[PDB]
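**Student:** Take a look at coords36.cif, mmCIF, C-alpha atoms:
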data_model
#
loop_
_atom_site.label_atom_id
_atom_site.label_comp_id
_atom_site.auth_asym_id
_atom_site.auth_seq_id
_atom_site.Cartn_x
_atom_site.Cartn_y
_atom_site.Cartn_z
CA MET O 1 65.43 -50.46 288.41
CA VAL O 2 62.32 -49.38 286.49
CA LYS O 3 63.61 -51.46 283.56
CA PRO O 4 62.00 -48.87 281.24
CA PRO O 5 61.56 -49.51 277.49
CA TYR O 6 64.05 -47.91 275.10
CA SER O 7 61.83 -46.06 272.60
CA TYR O 8 62.41 -42.49 271.43
CA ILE O 9 59.65 -41.91 268.84
CA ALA O 10 57.35 -43.46 271.46
CA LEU O 11 58.89 -41.28 274.20
CA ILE O 12 57.61 -38.33 272.14
CA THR O 13 54.22 -39.86 271.24
CA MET O 14 53.59 -39.79 275.01
CA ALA O 15 55.29 -36.38 275.32
CA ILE O 16 52.92 -35.02 272.65
CA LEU O 17 49.68 -36.47 274.07
CA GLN O 18 50.71 -34.57 277.22
CA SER O 19 48.80 -31.72 275.54
CA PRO O 20 45.09 -32.53 275.05
CA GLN O 21 44.95 -29.47 272.76
CA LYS O 22 48.13 -28.50 270.87
CA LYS O 23 50.59 -26.96 273.35
CA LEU O 24 53.64 -28.82 274.71
CA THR O 25 56.00 -27.28 277.28
CA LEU O 26 59.49 -28.83 277.04
CA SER O 27 59.73 -27.77 280.70
CA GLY O 28 56.58 -29.76 281.54
CA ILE O 29 57.94 -32.57 279.34
CA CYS O 30 61.31 -32.99 281.08
CA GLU O 31 59.44 -33.16 284.41
CA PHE O 32 56.88 -35.46 282.74
CA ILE O 33 59.68 -37.85 281.73
CA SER O 34 61.22 -38.20 285.20
CA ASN O 35 57.59 -38.83 286.20
CA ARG O 36 58.00 -42.30 284.65
CA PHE O 37 61.74 -42.17 283.87
CA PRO O 38 63.51 -41.81 287.25
CA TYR O 39 66.26 -44.39 286.73
CA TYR O 40 66.47 -43.21 283.12
CA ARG O 41 66.79 -39.46 283.76
CA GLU O 42 68.51 -40.01 287.12
CA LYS O 43 70.96 -42.13 285.09
CA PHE O 44 70.95 -40.23 281.77
CA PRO O 45 69.77 -36.69 282.65
CA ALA O 46 72.05 -35.39 279.87
CA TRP O 47 69.75 -37.03 277.29
CA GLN O 48 67.18 -34.40 278.34
CA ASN O 49 68.19 -32.52 275.17
CA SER O 50 68.74 -35.72 273.15
CA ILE O 51 64.97 -36.31 273.40
CA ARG O 52 64.30 -32.68 272.42
CA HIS O 53 66.34 -33.29 269.24
CA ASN O 54 64.02 -36.17 268.26
CA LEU O 55 61.11 -34.30 269.90
CA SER O 56 61.09 -31.63 267.16
CA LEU O 57 62.63 -34.11 264.70
CA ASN O 58 59.63 -36.39 265.34
CA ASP O 59 56.38 -34.43 264.91
CA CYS O 60 58.06 -31.17 263.84
CA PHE O 61 56.10 -28.64 265.93
CA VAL O 62 57.01 -24.98 266.56
CA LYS O 63 58.64 -23.89 269.84
CA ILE O 64 58.43 -20.33 271.22
CA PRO O 65 61.89 -19.27 272.50
CA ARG O 66 60.94 -16.66 275.12
CA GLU O 67 57.61 -15.47 273.68
CA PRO O 68 56.79 -11.79 274.34
CA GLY O 69 53.67 -12.50 276.42
CA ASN O 70 54.46 -15.32 278.87
CA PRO O 71 56.19 -14.71 282.23
CA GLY O 72 58.91 -17.35 281.75
CA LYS O 73 57.93 -20.88 282.83
CA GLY O 74 57.95 -23.21 279.80
CA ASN O 75 57.26 -23.08 276.04
CA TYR O 76 54.27 -23.57 273.75
CA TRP O 77 55.15 -26.29 271.20
CA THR O 78 52.48 -26.55 268.48
CA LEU O 79 52.21 -29.31 265.84
CA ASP O 80 52.56 -27.95 262.29
CA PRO O 81 49.73 -28.70 259.82
CA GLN O 82 52.09 -30.76 257.63
CA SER O 83 52.32 -34.27 259.12
CA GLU O 84 49.11 -34.61 261.16
CA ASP O 85 49.83 -38.32 260.66
CA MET O 86 50.49 -39.06 264.35
CA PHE O 87 47.47 -36.90 265.26
CA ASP O 88 45.27 -39.72 263.91
CA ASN O 89 46.98 -41.96 261.34
CA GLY O 90 44.40 -44.72 261.88
CA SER O 91 41.41 -42.73 263.20
CA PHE O 92 41.22 -42.85 267.02
CA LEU O 93 42.63 -46.14 268.35
#
What would the structure in this file look like if it were written as structure tokens?
**Tutor:**
Amino acid sequence: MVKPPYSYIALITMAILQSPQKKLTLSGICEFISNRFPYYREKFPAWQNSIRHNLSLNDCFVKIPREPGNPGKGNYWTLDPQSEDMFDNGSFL
């Protein structure tokens, strides 16, 4: 059921947009996936990390492993000023 599309790079493109600024919370991402990937996560919940691998291997942002300021909910992934190609390769389609 759900017959979802098999696209990783795309899975991230949507996982990145999640942040209208420049902060992605892997915790808010995993929950964001199941939001539209129930039969996928409910079937392949072990791929939760698999996506993370391509997640940072896609854009190449910086994750904060237990930052000395937050309480302990998620992370603050920020896109590095190197690619900025996905940010707006075309312009704003």
**Student:** Contacts of region 53-63 of chain O at 8 Å or less, counting all atoms listed in the file, minus same-chain residues fewer than 5 places along, as an MDAnalysis selection string?
**Tutor:** chainID O and resid 8:9 12 75:80 83 86
**Student:** Looking at all atoms listed in the file, which of O:81, O:88, O:50, O:74 is the one that sits closest to residue 23 (chain O)?
**Tutor:** O:74
**Student:** Please indicate the distance in Å from CA of residue 4 (chain O) to CA of residue 48 (chain O), rounded to one decimal place.
**Tutor:**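 CA of residue 48 (chain O) lies at a distance of 15.6 Å from CA of residue 4 (chain O).
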**Student:** Expressed in Å to a single decimal, how great is the separation between CA of residue 49 (chain O) and CA of residue 36 (chain O)?
**Tutor:**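 One can read the CA of residue 49 (chain O) to CA of residue 36 (chain O) distance as 17.0 Å.
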**Student:** Of the residues O:90, O:51, O:82, O:71, which is the one nearest to residue 26 (chain O), using all atoms listed in the file?
**Tutor:**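 Closest candidate: O:51.
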**Student:** When you draw a straight line from CA of residue 15 (chain O) to CA of residue 29 (chain O), how long is it in Å?
**Tutor:** 6.1 Å
**Student:** Counting only C-alpha atoms, which residue out of O:2, O:24, O:64, O:10 sits closest to residue 43 (chain O)?
**Tutor:** O:2
**Student:** Could you add the missing atoms to region 36-70 of chain O, up to N, CA and C atoms, and return them as a CSV table (one decimal), in the frame of the given file?
**Tutor:**
chain,number,residue,atom,x,y,z
O,36,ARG,N,58.0,-40.9,284.9
O,36,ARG,CA,58.0,-42.3,284.6
O,36,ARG,C,59.4,-42.7,284.1
O,37,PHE,N,60.4,-41.9,284.3
O,37,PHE,CA,61.7,-42.2,283.9
O,37,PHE,C,62.7,-41.7,284.9
O,38,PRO,N,62.6,-42.2,286.1
O,38,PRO,CA,63.5,-41.8,287.2
O,38,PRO,C,64.9,-42.4,287.1
O,39,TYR,N,65.0,-43.8,286.9
O,39,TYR,CA,66.3,-44.4,286.7
O,39,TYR,C,66.8,-44.0,285.4
O,40,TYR,N,66.0,-43.6,284.4
O,40,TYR,CA,66.5,-43.2,283.1
O,40,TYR,C,67.1,-41.8,283.2
O,41,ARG,N,66.3,-40.8,283.7
O,41,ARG,CA,66.8,-39.5,283.8
O,41,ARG,C,67.8,-39.4,284.9
O,42,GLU,N,67.6,-40.0,286.0
O,42,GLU,CA,68.5,-40.0,287.1
O,42,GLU,C,69.8,-40.7,286.7
O,43,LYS,N,69.8,-41.4,285.6
O,43,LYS,CA,71.0,-42.1,285.1
O,43,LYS,C,71.5,-41.4,283.8
O,44,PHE,N,70.6,-40.9,283.0
O,44,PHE,CA,71.0,-40.2,281.8
O,44,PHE,C,70.2,-38.9,281.7
O,45,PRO,N,70.4,-38.0,282.6
O,45,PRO,CA,69.8,-36.7,282.6
O,45,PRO,C,70.3,-35.8,281.6
O,46,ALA,N,71.4,-36.2,280.9
O,46,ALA,CA,72.0,-35.4,279.9
O,46,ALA,C,71.3,-35.6,278.6
O,47,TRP,N,70.5,-36.7,278.5
O,47,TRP,CA,69.8,-37.0,277.3
O,47,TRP,C,68.5,-36.1,277.2
O,48,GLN,N,68.3,-35.3,278.3
O,48,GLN,CA,67.2,-34.4,278.3
O,48,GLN,C,67.0,-33.7,277.0
O,49,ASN,N,68.2,-33.2,276.4
O,49,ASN,CA,68.2,-32.5,275.2
O,49,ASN,C,68.1,-33.5,274.0
O,50,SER,N,68.8,-34.7,274.2
O,50,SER,CA,68.7,-35.7,273.2
O,50,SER,C,67.3,-36.0,272.7
O,51,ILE,N,66.4,-36.1,273.7
O,51,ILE,CA,65.0,-36.3,273.4
O,51,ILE,C,64.4,-35.1,272.6
O,52,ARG,N,64.8,-33.9,273.1
O,52,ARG,CA,64.3,-32.7,272.4
O,52,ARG,C,64.7,-32.7,270.9
O,53,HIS,N,65.9,-33.2,270.6
O,53,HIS,CA,66.3,-33.3,269.2
O,53,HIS,C,65.3,-34.1,268.4
O,54,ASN,N,65.0,-35.3,268.9
O,54,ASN,CA,64.0,-36.2,268.3
O,54,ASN,C,62.6,-35.6,268.5
O,55,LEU,N,62.4,-34.9,269.6
O,55,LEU,CA,61.1,-34.3,269.9
O,55,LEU,C,60.6,-33.5,268.7
O,56,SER,N,61.4,-32.5,268.3
O,56,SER,CA,61.1,-31.6,267.2
O,56,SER,C,61.4,-32.3,265.8
O,57,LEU,N,62.3,-33.3,265.9
O,57,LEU,CA,62.6,-34.1,264.7
O,57,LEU,C,61.6,-35.2,264.5
O,58,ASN,N,60.7,-35.4,265.4
O,58,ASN,CA,59.6,-36.4,265.3
O,58,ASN,C,58.4,-35.8,264.7
O,59,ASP,N,57.6,-35.1,265.4
O,59,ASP,CA,56.4,-34.4,264.9
O,59,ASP,C,56.8,-33.2,264.0
O,60,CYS,N,57.6,-32.3,264.6
O,60,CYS,CA,58.1,-31.2,263.8
O,60,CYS,C,57.2,-30.0,264.2
O,61,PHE,N,56.9,-29.7,265.5
O,61,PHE,CA,56.1,-28.6,265.9
O,61,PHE,C,56.9,-27.4,266.0
O,62,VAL,N,56.3,-26.3,266.5
O,62,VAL,CA,57.0,-25.0,266.6
O,62,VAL,C,57.1,-24.6,268.0
O,63,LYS,N,58.4,-24.3,268.5
O,63,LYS,CA,58.6,-23.9,269.8
O,63,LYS,C,58.8,-22.4,269.9
O,64,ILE,N,58.4,-21.8,271.0
O,64,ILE,CA,58.4,-20.3,271.2
O,64,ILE,C,59.6,-20.0,272.2
O,65,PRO,N,60.7,-19.6,271.7
O,65,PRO,CA,61.9,-19.3,272.5
O,65,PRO,C,61.7,-17.9,273.2
O,66,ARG,N,61.2,-17.9,274.4
O,66,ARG,CA,60.9,-16.7,275.1
O,66,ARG,C,59.9,-15.8,274.4
O,67,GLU,N,58.7,-16.2,274.4
O,67,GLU,CA,57.6,-15.5,273.7
O,67,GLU,C,57.3,-14.2,274.5
O,68,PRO,N,57.1,-13.1,273.7
O,68,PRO,CA,56.8,-11.8,274.3
O,68,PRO,C,55.3,-11.7,274.8
O,69,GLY,N,55.0,-12.5,275.9
O,69,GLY,CA,53.7,-12.5,276.4
O,69,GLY,C,53.7,-13.3,277.7
O,70,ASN,N,54.4,-14.5,277.7
O,70,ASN,CA,54.5,-15.3,278.9
O,70,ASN,C,55.4,-14.7,279.9
